[PDB]
Number of protein chains: 2
Amino acid sequence: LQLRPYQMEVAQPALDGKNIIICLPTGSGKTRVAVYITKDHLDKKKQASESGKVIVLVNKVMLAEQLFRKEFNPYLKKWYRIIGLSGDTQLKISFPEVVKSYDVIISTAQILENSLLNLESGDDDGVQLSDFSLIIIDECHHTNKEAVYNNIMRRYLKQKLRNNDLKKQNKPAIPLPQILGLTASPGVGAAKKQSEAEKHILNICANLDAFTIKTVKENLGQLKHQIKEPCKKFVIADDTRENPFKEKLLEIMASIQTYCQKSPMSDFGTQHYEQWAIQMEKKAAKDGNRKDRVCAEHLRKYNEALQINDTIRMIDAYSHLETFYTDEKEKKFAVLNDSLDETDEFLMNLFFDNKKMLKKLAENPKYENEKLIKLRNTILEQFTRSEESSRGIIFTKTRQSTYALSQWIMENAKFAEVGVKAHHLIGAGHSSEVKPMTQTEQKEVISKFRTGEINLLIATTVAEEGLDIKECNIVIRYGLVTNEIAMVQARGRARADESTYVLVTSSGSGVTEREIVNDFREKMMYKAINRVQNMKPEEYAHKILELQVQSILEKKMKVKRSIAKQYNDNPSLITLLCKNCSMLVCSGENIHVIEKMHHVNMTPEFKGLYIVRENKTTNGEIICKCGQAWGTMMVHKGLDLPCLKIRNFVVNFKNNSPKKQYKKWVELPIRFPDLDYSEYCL
Amino acid sequence: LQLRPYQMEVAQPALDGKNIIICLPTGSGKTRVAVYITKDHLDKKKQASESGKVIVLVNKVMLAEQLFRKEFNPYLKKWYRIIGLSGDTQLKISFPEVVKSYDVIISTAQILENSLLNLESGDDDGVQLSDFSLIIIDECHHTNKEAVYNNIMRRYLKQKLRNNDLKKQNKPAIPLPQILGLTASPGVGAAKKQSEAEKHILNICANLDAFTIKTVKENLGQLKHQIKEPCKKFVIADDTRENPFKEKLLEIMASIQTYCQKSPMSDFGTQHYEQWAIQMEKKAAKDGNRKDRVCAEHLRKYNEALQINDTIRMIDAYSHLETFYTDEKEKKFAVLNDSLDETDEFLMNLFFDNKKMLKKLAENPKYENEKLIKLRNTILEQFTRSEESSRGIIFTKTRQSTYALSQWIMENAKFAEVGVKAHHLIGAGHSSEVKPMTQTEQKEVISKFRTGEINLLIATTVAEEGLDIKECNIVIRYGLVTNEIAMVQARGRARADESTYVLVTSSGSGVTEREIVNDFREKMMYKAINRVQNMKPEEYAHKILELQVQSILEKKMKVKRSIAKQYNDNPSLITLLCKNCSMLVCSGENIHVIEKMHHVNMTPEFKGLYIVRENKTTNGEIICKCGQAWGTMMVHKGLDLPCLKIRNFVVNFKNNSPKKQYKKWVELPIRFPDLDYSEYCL
RNA sequence: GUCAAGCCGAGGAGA
RNA sequence: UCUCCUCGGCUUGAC
RNA sequence: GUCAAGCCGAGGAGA
RNA sequence: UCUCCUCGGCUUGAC
Ligand SMILES: [Zn+2]
Ligand SMILES: [Zn+2]
């Protein structure tokens with residue numbers, strides 16, 4: 001085992017109790033300190049002949065795998081038992097046994113939280129914090145209002161308050177395990193005033209029951225000498241192109257609005273216009289009136305097209321619009337086949353013509369963009385001066401930006417002659433209609449980029465966290481900004497001597513202000529850390545107890561308000577109607593539930609009312625006669641049961657029918673019966 | 001006849017209807033209970049003057065023979081007629097007559113299933129379950145998703161649902177026979193949560209229409225007193241040798257990969273690397289490109305060599321590699337005789353040299369292994385302390401492990417001076433290129449080991465089931481684990497007072513976790529058995545009917561999806577090409593079928609295109625000009641017809657030719673004509 | 001009584 | 001989906 | 001080992 | 001409240 005002087009200095013208090021936090025810059029070997037502390041604690045327990053239980057909590061499965069593979073297991077594999085859990089991992093043994101089997105655990109917090117909830121509900125034995133002797137948390141800054149770590153530590157704090165009550169009343173008390181937290185930047189919860197930043201840091205400490213931040217001061221110099229600082233670069237551009245195509249799109253906007261006779265009262269292409277369109281569509285659906293709901297949806301689509309145009313070339317906005325409208329036309333063709341609306345037909349007659357005109361206009365690369373040209377100039381100069389040693393990382397905002405920029409970079413032959421290789425990267429969560437990337441695909445891309453099979457990697461906020469890469473020189477941000485914590489993490493991910501942290505932005509975005517404020521929050525955070533390290537121990541204890549009570553009572557009354565908050569036992573006392581068109585779809589008696597998860601009806605009347613879409617190229621889509629999507633087919637129990645999304649339906653109570661929208665099955669108060677499938681048999 | 005109090009307690013409900021299950025530990029005389037119940041049922045039928053038909057179903061022919069010989073026949077031979085059937089037995093009488101002749105039957109389930117299928121298809125009269133009056137099933141735990149017992153009981157459950165429909169509609173109904181099931185551990189279908197284990201047990205009960213598990217509780221104590229528990233032992237070793245030879249093999253790996261310019265992206269020696277190699281070879285064959293398919297195959301061979309090295313000494317991996325490459329060289333010599341490829345010749349020039357070097361290096365027993373040394377130490381201490389009373393049983397994973405360990409144990413003189421005698425044992429199914437052991441050979445080895453002619457018996461999963469041996473003290477597992485059911489059966493096969501259940505394992509394998517989880521699943525299974533025995537009879541009936549409908553509908557829609565699932569009447573509309581090399585081999589017009597089983601072509605053009613290998617020392621092998629194996633010669637009809645394996649060929653449709661691999665004759669949609677051999681005559 | 005070949009299906013373990 | 005292991009059934013043929 | 005679907009919760013940014 | 005992005009957990013199913 002190897003340790004360094006500043007590591008001892010920071011970790012010295014933890015060696016004897018002192019449940020504390022640790023904050024060190026990236027690449028400081030925090031995991032090494034954690035493993036050393038765990039080994040010391042286990043040795044002390046074995047010498048003392050008491051049970052030694054250690055758990056490590058991480059918010060990312062990849063982090064758990066990396067910790068169990070690279071650093072944690074190899075050092076301590078021989079002395080004790082080690083294992084790493086996760087949802088992906090097949091927890092075939094159990095959670096409780098691995099707790100009372102290995103004496104050392106690595107896992108995501110939510111697994112432990114689920115075990116605790118099972119224990120309190122009595123469904124499973126689960127485990128209690130008292131069964132442990134040491135908790136280690138990674139990325140403490142995520143411990144906040146009601147995150148998972150915060151739930152675990154709220155449980156611990158309730159136990160500690162119970163112990164406080166007993167000590168002055170009953171001598172026996174439940175022992176509480178030591179708590180160690182790790183991070184690099186504890187962060188600022190939007191607190192601007194340095195006093196508010198101090199309050200935020202004290203809240204973080206109280207959430208962990210931390211005795212002190214305990215940052216390195218004496219040996220700090222040597223640490224600073226060992227760590228290096230990259231180089232920055234700012235680049236700003238102004239928008240003056242897009243006039244022809246954008247003006248034509250705005251003319252289409254105006255025509256549609258005059259058809260609807262509506263006043264947006266806001267500049268076109270802003271998310272406020274999207275919000276207004278959503279509100280208008282919701283109101284139209286609630287009132288049951290047509291001619292505006294479908295028009296509101298189309299206005300929303302045109303607004304999204306205008307936004308993507310503002311951010312991306314005309315061809316991408318055209319592709320989005322024509323894909324959506326080709327899907328709508330396929331819906332209309334299917335509706336005609338199984339068997340004319342003034343709004344739909346008016347819009348479509350306007351469209352076909354304007355779509356042909358915009359196809360003709362789209363073949364005009366004279367005014368495509370300038371930010372992309374400037375990006376090309378940047379890319380080429382840095383990669384040419386790198387001479388094949390450029391590990392380019394691109395950060396953008398959305399999925400479509402990544403896809404389109406990767407495609408158009410591959411199209412360009414200048415990068416090809418330079419030898420650049422570009423591949424895109426995105427998250428896992430399925431959303432935005434875009435194909436998510438599987439964790440296996442993520443790992444494949446990262447491995448290719450590490451070994452050099454990929455020289456240019458387009459990514460999103462995922463790259464800003466994790467993604468341990470040996471070399472990262474040219475890290476460019478294409479008009480985005482998240483916060484000081486992620487900003488510092490990304491700027492520290494450029495782990496190379498001559499690394500360019502380049503910010504390619506539009507003049508409108510004030511990212512320079514945010515980076516300046518981030519550096520100032522960094523120095524303010526260091527100052528607040530020094531202050532708290534210099535605050536009175538008694539006052540520090542009083543304030544941490546204060547914020548502990550804050551959190552405890554907040555959670556208590558959150559449960560109080562959310563005991564039920566919605567109670568009604570009315571199995572079949574509503575009518576569900578279609579959204580775009582108002583016809584009786586179902587009632588509360590013909591519908592049934594599966595697994596307490598999926599809602600579906602199987603009555604032949606339902607069968608002979610809807611329409612089925614040929615699956616896009618088993619789980620085929622199901623739609624209405626007006627083209628409104630109702631759900632998807634499912635194969636559970638073997639029956640081809642059409643599950644439906646309540647977001648696409650509307651509700652009407654039999655009592656008074658105040659039409660409203662739910663947007664989610666759980667949100668509504670009433671309950672639907674479980675699918676007792678004794679019927680449908682033969 | 002002899003019976004014991006707990007046997008009456010468990011079997012009392014079955015004496016009057018109550019189609020149920022029974023679970024008792026090994027050596028509890030379950031067969032005695034079954035024969036007593038059968039005698040009681042027959043006596044009741046004769047007193048009542050109604051036909052009494054009893055069938056016994058077993059999944060192993062040896063089990064049927066043992067039951068008919070030792071316990072079942074002798075007790076009841078006088079009162080009624082008894083017989084035991086099996087595929088090995090010459091069923092010259094018939095199935096239906098023995099059903100309506102003996103009034104008592106012992107057989108494998110598949111015989112009854114085939115009779116039922118013949119009856120439904122109308123080809124043969126067959127028999128129906130209504131013709132029976134009592135079914136007894138052995139090893140109920142095998143009754144699962146779609147095993148044979150599950151098919152029989154699905155037929156029975158469909159009949160029962162028909163009867164349920166009639167009772168409320170038509171008074172007359174088809175009588176259903178009583179059902180009795182037997183086992184020792186009903187098992188857990190991977191269900192971890194105790195609720196999921198309860199669901200699995202309820203599914204098992206529903207599959208058998210069981211009214212209750214009916215386990216012994218009152219007299220359980222006496223049973224526990226009568227049965228004894230062996231002693232356990234764990235031993236773990238770590239791997240640090242193999243560096244020279246393994247490093248040289250990995251250098252060969254790297255050279256081959258650089259020749260192919262491929263990135264495995266995974267640690268060498270893992271089955272994932274084998275899967276990737278298989279996928280790459282399949283892709284190469286599909287695309288018709290060479291230089292990678294043969295290279296992929298050789299990479300697979302080297303991976304297998306590395307795995308066997310990791311598990312076994314260097315000499316075994318060398319023997320495997322040199323045998324395979326000597327076969328390849330014999331193929332090449334034959335190809336040269338009947339008449340140079342860059343990949344083959346490059347690989348072979350690399351090989352000859354590296355093979356000579358590895359021969360020179362192989363004579364180095366300084367770092368052969370440590371797990372084998374530890375195994376030797378174990379073996380010697382237990383056999384020395386046994387003083388010739390050691391019935392050693394060794395469990396391993398594969399055929400080659402058994403062969404090599406037996407050979408190397410016989411080579412060692414320490415066991416020889418101790419007087420140890422070692423013989424290997426394997427299954428019957430032909431696979432892995434290894435000579436399978438005939439059931440006659442199996443019986444010979446088991447008889448020799450029982451009488452003491454063999455003191456050490458190396459075996460595989462076969463030994464974990466059946467293999468009734470009087471004495472078994474030292475049962476050692478050399479790095480393997482299957483499940484809780486087989487674990488408990490094997491641990492109960494150590495039927496002696498002082499028996500050592502020894503687990504010799506590598507530190508990597510977590511067999512200790514699995515055995516702990518197996519004991520915990522045992523107690524959880526007992527708890528679930530108690531619960532179901534304490535569940536409400538009405539709720540129990542409802543849930544069993546629920547799962548019965550589950551299974552019935554699942555099978556219904558499985559047939560629905562598998563009515564045909566692949567339909568095409570195109571006698572000669574494809575071209576079959578060789579796999580390793582892409583040349584036209586045959587078409588769909590020149591090929592013919594025999595017995596609906598064997599595929600072959602006899603055109604002289606086919607004759608003058610392939611090559612024949614001298615049979616390894618009638619059914620000689622047939623190969624291509626590129627060394628690819630095409631099939632084997634056959635003598636059916638008397639003609640020397642070369643049958644071919646579709647796994648070694650590739651297909652090309654005349655319409656659009658999307659090259660694909662079938663791997664099996666049945667899987668493909670099209671049909672080939674029967675061999676009308678009116679041609680070829682004179 | 002013994003052997004060889006081929007085909008079909010099923011289960012378990014691992015990945 | 002792949003590997004390993006196990007089981008049963010069917011057909012042919014030979015000794 | 002791989003894939004698809006669905007559901008639940010949480011965090012960050014913007015408005 | 002809406003949009004965008006990210007994360008984790010659960011269930012099912014298939015290969
Ligand atoms: Zn509608
Ligand atoms: Zn060939």
# chains A, B, ... in the order shown; residues from 1 in each chain; ligands from 1

call {"tool": "residues_near_ligand", "arguments": {"ligand": "ligand 1", "cutoff": "8 Å", "atoms": "only C-alpha atoms (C1' of nucleotides) and all ligand atoms", "output": "PDB file with N, CA and C atoms, in the first residue's frame"}}
result
ATOM      1  N   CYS A 578     -61.268   9.964 -26.428  1.00  0.00           N
ATOM      2  CA  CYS A 578     -60.086  10.307 -27.203  1.00  0.00           C
ATOM      3  C   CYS A 578     -59.791  11.796 -27.071  1.00  0.00           C
ATOM      4  N   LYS A 579     -58.525  12.153 -27.274  1.00  0.00           N
ATOM      5  CA  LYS A 579     -58.076  13.524 -27.054  1.00  0.00           C
ATOM      6  C   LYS A 579     -58.322  14.408 -28.275  1.00  0.00           C
ATOM      7  N   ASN A 580     -57.726  14.054 -29.415  1.00  0.00           N
ATOM      8  CA  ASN A 580     -57.871  14.887 -30.604  1.00  0.00           C
ATOM      9  C   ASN A 580     -59.328  14.973 -31.041  1.00  0.00           C
ATOM     10  N   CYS A 581     -60.033  13.846 -31.033  1.00  0.00           N
ATOM     11  CA  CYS A 581     -61.465  13.804 -31.288  1.00  0.00           C
ATOM     12  C   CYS A 581     -62.167  13.327 -30.026  1.00  0.00           C
ATOM     13  N   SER A 582     -63.364  13.853 -29.781  1.00  0.00           N
ATOM     14  CA  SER A 582     -64.094  13.585 -28.543  1.00  0.00           C
ATOM     15  C   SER A 582     -65.159  12.530 -28.822  1.00  0.00           C
ATOM     16  N   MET A 583     -64.796  11.265 -28.621  1.00  0.00           N
ATOM     17  CA  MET A 583     -65.748  10.166 -28.672  1.00  0.00           C
ATOM     18  C   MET A 583     -65.509   9.260 -27.474  1.00  0.00           C
ATOM     19  N   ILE A 623     -53.874   3.270 -32.894  1.00  0.00           N
ATOM     20  CA  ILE A 623     -54.260   4.664 -33.061  1.00  0.00           C
ATOM     21  C   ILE A 623     -55.773   4.775 -33.195  1.00  0.00           C
ATOM     22  N   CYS A 624     -56.239   6.020 -33.209  1.00  0.00           N
ATOM     23  CA  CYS A 624     -57.649   6.339 -33.332  1.00  0.00           C
ATOM     24  C   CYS A 624     -58.027   6.523 -34.800  1.00  0.00           C
ATOM     25  N   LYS A 625     -59.302   6.836 -35.034  1.00  0.00           N
ATOM     26  CA  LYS A 625     -59.770   7.144 -36.378  1.00  0.00           C
ATOM     27  C   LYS A 625     -59.357   8.536 -36.830  1.00  0.00           C
ATOM     28  N   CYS A 626     -58.991   9.411 -35.896  1.00  0.00           N
ATOM     29  CA  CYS A 626     -58.549  10.761 -36.214  1.00  0.00           C
ATOM     30  C   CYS A 626     -57.032  10.871 -36.319  1.00  0.00           C
ATOM     31  N   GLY A 627     -56.320   9.747 -36.317  1.00  0.00           N
ATOM     32  CA  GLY A 627     -54.877   9.756 -36.399  1.00  0.00           C
ATOM     33  C   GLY A 627     -54.166   9.928 -35.077  1.00  0.00           C
ATOM     34  N   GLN A 628     -54.901  10.031 -33.972  1.00  0.00           N
ATOM     35  CA  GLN A 628     -54.273  10.199 -32.669  1.00  0.00           C
ATOM     36  C   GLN A 628     -53.721   8.868 -32.173  1.00  0.00           C
TER      37      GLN A 628
END

call {"tool": "closest_atom_pairs", "arguments": {"of": "chain B", "to": "chain C", "cutoff": "7 Å", "atoms": "only C-alpha atoms (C1' of nucleotides)", "output": "Markdown table"}}
result
| residue | atom | partner | partner_atom | distance |
| --- | --- | --- | --- | --- |
| B:147 | CA | C:10 | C1' | 5.9 |
| B:271 | CA | C:15 | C1' | 6.4 |
| B:272 | CA | C:15 | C1' | 6.6 |
| B:482 | CA | C:13 | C1' | 5.1 |
| B:597 | CA | C:7 | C1' | 6.0 |

call {"tool": "write_last_selection", "arguments": {"atoms": "N, CA and C atoms", "output": "PDB file, in the first residue's frame"}}
result
ATOM      1  N   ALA B 147     -41.233 -29.261 -20.390  1.00  0.00           N
ATOM      2  CA  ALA B 147     -40.662 -30.599 -20.363  1.00  0.00           C
ATOM      3  C   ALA B 147     -41.750 -31.635 -20.657  1.00  0.00           C
ATOM      4  N   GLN B 271     -14.885 -16.829 -22.501  1.00  0.00           N
ATOM      5  CA  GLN B 271     -15.867 -17.306 -23.467  1.00  0.00           C
ATOM      6  C   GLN B 271     -16.452 -16.172 -24.295  1.00  0.00           C
ATOM      7  N   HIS B 272     -16.381 -14.931 -23.810  1.00  0.00           N
ATOM      8  CA  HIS B 272     -16.817 -13.807 -24.629  1.00  0.00           C
ATOM      9  C   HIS B 272     -15.928 -13.651 -25.855  1.00  0.00           C
ATOM     10  N   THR B 482     -23.664 -26.381 -10.039  1.00  0.00           N
ATOM     11  CA  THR B 482     -24.819 -26.418 -10.932  1.00  0.00           C
ATOM     12  C   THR B 482     -26.045 -25.750 -10.324  1.00  0.00           C
ATOM     13  N   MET B 597     -34.861 -37.800 -43.374  1.00  0.00           N
ATOM     14  CA  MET B 597     -33.827 -37.600 -42.369  1.00  0.00           C
ATOM     15  C   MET B 597     -32.507 -37.134 -42.957  1.00  0.00           C
TER      16      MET B 597
END

call {"tool": "select_by_dssp", "arguments": {"residues": "range 503-679 of chain B", "states": "strand (DSSP E or B)", "output": "PDB file with C-alpha atoms, in the first residue's frame"}}
result
ATOM      1  CA  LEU B 503     -14.864 -28.295  -2.548  1.00  0.00           C
ATOM      2  CA  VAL B 504     -11.473 -27.709  -4.192  1.00  0.00           C
ATOM      3  CA  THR B 505     -11.867 -24.419  -6.043  1.00  0.00           C
ATOM      4  CA  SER B 506     -10.023 -21.421  -7.407  1.00  0.00           C
ATOM      5  CA  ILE B 574     -31.470 -21.909 -54.298  1.00  0.00           C
ATOM      6  CA  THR B 575     -27.759 -22.578 -54.735  1.00  0.00           C
ATOM      7  CA  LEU B 576     -25.637 -24.227 -52.045  1.00  0.00           C
ATOM      8  CA  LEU B 577     -22.001 -23.104 -51.941  1.00  0.00           C
ATOM      9  CA  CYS B 578     -19.033 -24.138 -49.833  1.00  0.00           C
ATOM     10  CA  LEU B 584     -21.097 -23.421 -56.487  1.00  0.00           C
ATOM     11  CA  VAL B 585     -21.500 -26.830 -54.844  1.00  0.00           C
ATOM     12  CA  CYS B 586     -25.071 -27.814 -55.704  1.00  0.00           C
ATOM     13  CA  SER B 587     -28.565 -26.541 -56.474  1.00  0.00           C
ATOM     14  CA  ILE B 591     -30.239 -32.888 -54.041  1.00  0.00           C
ATOM     15  CA  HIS B 592     -32.524 -35.529 -52.535  1.00  0.00           C
ATOM     16  CA  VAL B 593     -33.812 -36.713 -49.167  1.00  0.00           C
ATOM     17  CA  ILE B 594     -33.794 -40.157 -47.554  1.00  0.00           C
ATOM     18  CA  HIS B 598     -30.624 -37.626 -44.447  1.00  0.00           C
ATOM     19  CA  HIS B 599     -29.776 -35.209 -47.265  1.00  0.00           C
ATOM     20  CA  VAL B 600     -27.517 -36.248 -50.139  1.00  0.00           C
ATOM     21  CA  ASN B 601     -26.778 -35.749 -53.832  1.00  0.00           C
ATOM     22  CA  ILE B 611     -12.653 -35.077 -52.221  1.00  0.00           C
ATOM     23  CA  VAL B 612     -12.762 -38.162 -49.993  1.00  0.00           C
ATOM     24  CA  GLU B 621     -15.360 -38.323 -44.365  1.00  0.00           C
ATOM     25  CA  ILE B 622     -15.946 -36.117 -47.409  1.00  0.00           C
ATOM     26  CA  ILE B 623     -14.302 -32.701 -47.738  1.00  0.00           C
ATOM     27  CA  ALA B 629     -15.397 -30.787 -44.064  1.00  0.00           C
ATOM     28  CA  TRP B 630     -18.608 -31.390 -46.021  1.00  0.00           C
ATOM     29  CA  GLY B 631     -20.022 -34.524 -44.381  1.00  0.00           C
ATOM     30  CA  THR B 632     -19.658 -38.287 -44.128  1.00  0.00           C
ATOM     31  CA  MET B 633     -20.236 -41.247 -46.415  1.00  0.00           C
ATOM     32  CA  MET B 634     -23.270 -43.400 -45.696  1.00  0.00           C
ATOM     33  CA  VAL B 635     -24.564 -46.849 -46.600  1.00  0.00           C
ATOM     34  CA  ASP B 640     -22.297 -45.183 -50.939  1.00  0.00           C
ATOM     35  CA  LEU B 641     -24.215 -41.937 -50.644  1.00  0.00           C
ATOM     36  CA  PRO B 642     -22.261 -38.968 -49.183  1.00  0.00           C
ATOM     37  CA  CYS B 643     -24.442 -37.264 -46.598  1.00  0.00           C
ATOM     38  CA  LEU B 644     -23.549 -33.640 -45.911  1.00  0.00           C
ATOM     39  CA  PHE B 649     -22.356 -24.963 -46.311  1.00  0.00           C
ATOM     40  CA  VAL B 650     -23.807 -21.573 -47.271  1.00  0.00           C
ATOM     41  CA  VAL B 651     -27.023 -20.706 -49.097  1.00  0.00           C
ATOM     42  CA  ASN B 652     -27.809 -18.247 -51.895  1.00  0.00           C
ATOM     43  CA  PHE B 653     -31.347 -17.529 -53.067  1.00  0.00           C
ATOM     44  CA  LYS B 660     -27.253 -16.494 -44.407  1.00  0.00           C
ATOM     45  CA  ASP B 674     -37.430 -37.460 -51.340  1.00  0.00           C
TER      46      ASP B 674
END

call {"tool": "select_by_dssp", "arguments": {"residues": "range 6-87 of chain B", "states": "alpha helix (DSSP H)", "output": "ChimeraX atom specification"}}
result
/B:6-11,30-48,61-66,72-76

call {"tool": "write_last_selection", "arguments": {"atoms": "N, CA and C atoms", "output": "compact mmCIF listing (two decimals), in the first residue's frame"}}
result
# COMPACT_ATOMS: atom_id res chain seq x y z
N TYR B 6 -44.47 -41.77 9.57
CA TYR B 6 -44.42 -40.57 8.75
C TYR B 6 -44.83 -40.85 7.32
N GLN B 7 -44.54 -42.05 6.82
CA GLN B 7 -45.00 -42.42 5.48
C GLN B 7 -46.52 -42.46 5.41
N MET B 8 -47.17 -43.02 6.43
CA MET B 8 -48.63 -42.95 6.47
C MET B 8 -49.11 -41.51 6.53
N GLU B 9 -48.47 -40.69 7.36
CA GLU B 9 -48.92 -39.31 7.53
C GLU B 9 -48.88 -38.57 6.20
N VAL B 10 -47.77 -38.71 5.46
CA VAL B 10 -47.64 -38.02 4.18
C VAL B 10 -48.58 -38.62 3.15
N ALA B 11 -48.70 -39.94 3.12
CA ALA B 11 -49.46 -40.63 2.08
C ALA B 11 -50.93 -40.80 2.42
N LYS B 30 -39.31 -43.47 -0.86
CA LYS B 30 -40.44 -42.92 -1.61
C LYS B 30 -41.04 -43.98 -2.52
N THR B 31 -40.20 -44.82 -3.12
CA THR B 31 -40.71 -45.89 -3.97
C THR B 31 -41.59 -46.84 -3.17
N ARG B 32 -41.23 -47.10 -1.91
CA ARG B 32 -42.06 -47.95 -1.07
C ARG B 32 -43.44 -47.33 -0.86
N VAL B 33 -43.49 -46.02 -0.61
CA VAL B 33 -44.76 -45.34 -0.46
C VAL B 33 -45.57 -45.43 -1.75
N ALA B 34 -44.91 -45.24 -2.89
CA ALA B 34 -45.61 -45.31 -4.17
C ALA B 34 -46.21 -46.69 -4.39
N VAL B 35 -45.44 -47.75 -4.12
CA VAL B 35 -45.95 -49.09 -4.35
C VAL B 35 -47.09 -49.40 -3.39
N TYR B 36 -46.97 -48.95 -2.14
CA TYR B 36 -48.06 -49.16 -1.19
C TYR B 36 -49.33 -48.46 -1.66
N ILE B 37 -49.20 -47.22 -2.15
CA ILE B 37 -50.37 -46.49 -2.61
C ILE B 37 -50.98 -47.18 -3.83
N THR B 38 -50.13 -47.69 -4.73
CA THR B 38 -50.65 -48.39 -5.89
C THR B 38 -51.40 -49.65 -5.48
N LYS B 39 -50.85 -50.41 -4.53
CA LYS B 39 -51.54 -51.60 -4.07
C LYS B 39 -52.88 -51.25 -3.44
N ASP B 40 -52.91 -50.19 -2.63
CA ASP B 40 -54.17 -49.77 -2.02
C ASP B 40 -55.18 -49.36 -3.08
N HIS B 41 -54.73 -48.61 -4.09
CA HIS B 41 -55.64 -48.18 -5.15
C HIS B 41 -56.19 -49.37 -5.92
N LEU B 42 -55.33 -50.33 -6.26
CA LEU B 42 -55.79 -51.51 -6.98
C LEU B 42 -56.77 -52.32 -6.14
N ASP B 43 -56.49 -52.47 -4.85
CA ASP B 43 -57.42 -53.19 -3.98
C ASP B 43 -58.77 -52.49 -3.94
N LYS B 44 -58.75 -51.16 -3.82
CA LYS B 44 -60.01 -50.42 -3.80
C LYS B 44 -60.76 -50.59 -5.12
N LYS B 45 -60.05 -50.55 -6.24
CA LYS B 45 -60.72 -50.73 -7.53
C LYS B 45 -61.32 -52.12 -7.66
N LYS B 46 -60.57 -53.15 -7.26
CA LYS B 46 -61.09 -54.51 -7.37
C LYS B 46 -62.31 -54.70 -6.47
N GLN B 47 -62.26 -54.14 -5.26
CA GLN B 47 -63.44 -54.18 -4.40
C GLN B 47 -64.60 -53.43 -5.05
N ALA B 48 -64.32 -52.28 -5.66
CA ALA B 48 -65.35 -51.50 -6.34
C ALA B 48 -65.70 -52.05 -7.71
N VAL B 61 -34.01 -44.16 -18.22
CA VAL B 61 -34.27 -45.58 -18.45
C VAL B 61 -33.68 -46.41 -17.32
N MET B 62 -32.49 -46.04 -16.85
CA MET B 62 -31.88 -46.77 -15.75
C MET B 62 -32.77 -46.72 -14.52
N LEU B 63 -33.43 -45.59 -14.28
CA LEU B 63 -34.37 -45.50 -13.17
C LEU B 63 -35.52 -46.49 -13.35
N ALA B 64 -36.05 -46.60 -14.57
CA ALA B 64 -37.14 -47.54 -14.80
C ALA B 64 -36.68 -48.97 -14.57
N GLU B 65 -35.49 -49.33 -15.06
CA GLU B 65 -34.99 -50.68 -14.85
C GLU B 65 -34.79 -50.97 -13.37
N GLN B 66 -34.18 -50.03 -12.65
CA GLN B 66 -33.95 -50.23 -11.22
C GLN B 66 -35.26 -50.36 -10.46
N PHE B 72 -40.17 -52.23 -7.11
CA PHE B 72 -41.57 -52.21 -7.55
C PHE B 72 -42.09 -53.62 -7.79
N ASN B 73 -41.43 -54.37 -8.67
CA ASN B 73 -41.96 -55.67 -9.06
C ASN B 73 -42.04 -56.66 -7.91
N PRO B 74 -40.99 -56.87 -7.11
CA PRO B 74 -41.04 -57.97 -6.13
C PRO B 74 -42.22 -57.90 -5.19
N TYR B 75 -42.61 -56.70 -4.76
CA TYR B 75 -43.66 -56.58 -3.76
C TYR B 75 -45.03 -56.94 -4.33
N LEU B 76 -45.28 -56.59 -5.59
CA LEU B 76 -46.60 -56.73 -6.18
C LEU B 76 -46.63 -57.73 -7.33

call {"tool": "residues_around", "arguments": {"residues": "residue 248 in chain B", "least_positions_apart": "2", "cutoff": "12 Å", "atoms": "only C-alpha atoms (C1' of nucleotides)", "output": "ChimeraX atom specification"}}
result
/B:242-246,250-255,302,306,314,354-355,357-358,361-362

call {"tool": "interface_residues", "arguments": {"of": "chain A", "to": "chain B", "cutoff": "12 Å", "atoms": "only C-alpha atoms", "output": "ChimeraX atom specification"}}
result
/A:77-78,80-83,90-102,115,118,123-126,440,443-448,450-453,618,635-640,675-682
